[PDB]
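FYI the Cβ positions are ideal-geometry reconstructions off the backbone, even for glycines, and counts take in every protein chain you see. Basis: the model, the stated rules and, where named, an outside source; nothing here is a laboratory result.
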């Protein structure tokens, strides 16, 4: 009392497959202050341009003439890559917008670590990475003080050209939840408490 | 989050005690292009607007029922993308609408993040601050071959935001993170203002029938 600053986050374990760089026990991974993740940098920050510094939109409009669109080589490559990146960025933007509207309590897919609910689940995820030839360095146990969301990636909007309003319905179903094999979103303060296996 | 309850409401045992301190009442000016309005007409704003419908709901497919993305992918072969006629028109209109929908989605997301109090561009009505401003918007509409049927005076009970549209993300292919920065500038944004208005809207005067 007579005081000024007088004034949701739980403690739990999760399992994480390391691919990028090896983690050590006691390592902190902060997603408590809206830090951007690798997924954000990849779909929101990077871009591809042709040799003249033009992006997909610029190239498409430069070439649309006589109601015909004839693009080749690097120009076609830049247009397609631009479309693939942007539809994927739109996906994350729509999903994030839906979370802010109706599910503000869950971690953002743009500001979280991706993990599994159990070791068994981590092993199943590992089996999928392997069948895809995705290098796995470790499987690690994390202690979290923050929040999580168990999601079904299958429920996310697709990389198709359907109307945004239909993509919004899909994001809504994603956030409502499934069952299958969950992708856990986690945020807050994350500590590596154990290296289960070091491949 | 927390909100202040009025002393007057304490002790009552009703559930819906919402409402007032945040309402404004003001006049605005509106360019009518869709259908003529009349004196004393009321408009309601949890509702999507025409911009949401045209950018988010509407779509154009080819004769085979394919959207712009499917057409793009199924024509990208051995380093060539050769599209003709209706297929080309569909891809172009798809890209056109989609970069606009993306702009509106990014701007809405940022509004939700930082300015949740302002009206949404996806449900609001658009207005001019003064009759003088409405006239300049009108000349702009005439230049771009979109006929204005009326300039009407509105009385609003609700809220508004005075925005500078030049600050919105553009219809170009820059990275979304840069479009997000632009959306922040927009919502902060100190020209010829475009007012966003929501709440209870009433036509109190038809200044111009054209």
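Filtered by the rule that a residue be outside any strand (DSSP E or B) and more than 28 Å from residue A:136 (Cα to Cα), segment A:1-32 gives A:1, A:2, A:3, A:4, A:5, A:6, A:7, A:8, A:9.
Based on what the data block shows, is residue A:195 more than 20 Å from the chain's Cα centre (by Cα), outside the structural domain of residue A:18 (by CATH) and not in a helix (DSSP H, G or I)? No; evaluated as a whole, the condition is false for this residue. Checked against (1) buried (at least 18 other Cβ atoms within 10 Å of the Cβ); (2) within 9 Å of chain B (Cβ to nearest Cβ); (3) in contact with a strand residue (DSSP E or B) (Cβ under 7 Å, 6 or more places away or on another chain), residue A:72 passes all but a single condition, namely (1). All told, residue B:146 meets the bar of being surrounded by fewer than 18 Cβ atoms within 10 Å (Cβ to Cβ), over 15 Å from the mean Cα position of the chain (by Cα) and assigned to a loop (DSSP other than H, G, I, E, B).
Just to be sure before I move on: is residue A:52 within 14 Å of the chain's Cα centre (by Cα), outside any helix (DSSP H, G or I) and loosely packed, with under 15 Cβ neighbours inside 10 Å in the structure I sent? Taking the combined requirement at face value, the residue does not satisfy it.
The number of residues in segment A:104-135 that are surrounded by 16 or more Cβ atoms within 10 Å (Cβ to Cβ), touching a strand residue (DSSP E or B) at 6+ places or on another chain (Cβ under 9 Å) and not in a helix (DSSP H, G or I) comes to 11.
Results for (1) more than 30 Å from residue B:67 (Cα to Cα); (2) within 14 Å of chain B (Cβ to nearest Cβ); (3) more than 16 Å from the chain's Cα centre (by Cα), shown as yes or no for each residue.
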{"residue": "A:140", "(1), (2), (3)": "yes, no, yes"}
{"residue": "A:169", "(1), (2), (3)": "no, yes, yes"}
{"residue": "A:187", "(1), (2), (3)": "yes, no, no"}
{"residue": "A:191", "(1), (2), (3)": "yes, no, yes"}
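Note on segment A:58-69: residues that are within 7 Å of chain B (Cβ to nearest Cβ) and within 19 Å of residue B:173 (Cα to Cα) total 4.
Output the residue which, of all residues in segment A:149-167 that are assigned to a helix (DSSP H, G or I) and within 14 Å of chain B (Cβ to nearest Cβ), is surrounded by the fewest Cβ atoms within 10 Å (Cβ to Cβ).
So in segment A:149-167, the residues assigned to a helix (DSSP H, G or I) come out as A:153-155, A:164-167.
From what's left, within 14 Å of chain B (Cβ to nearest Cβ): A:164-167.
Values: A:164: 25, A:165: 17, A:166: 13, A:167: 25.
The selected residue is A:166.
Among residues of segment B:75-90 being more than 7 Å from every other protein chain (Cβ to nearest Cβ) and under 27 Å from residue A:165 (Cα atoms), the one that is nearest to the chain's Cα centre (by Cα) is B:90.
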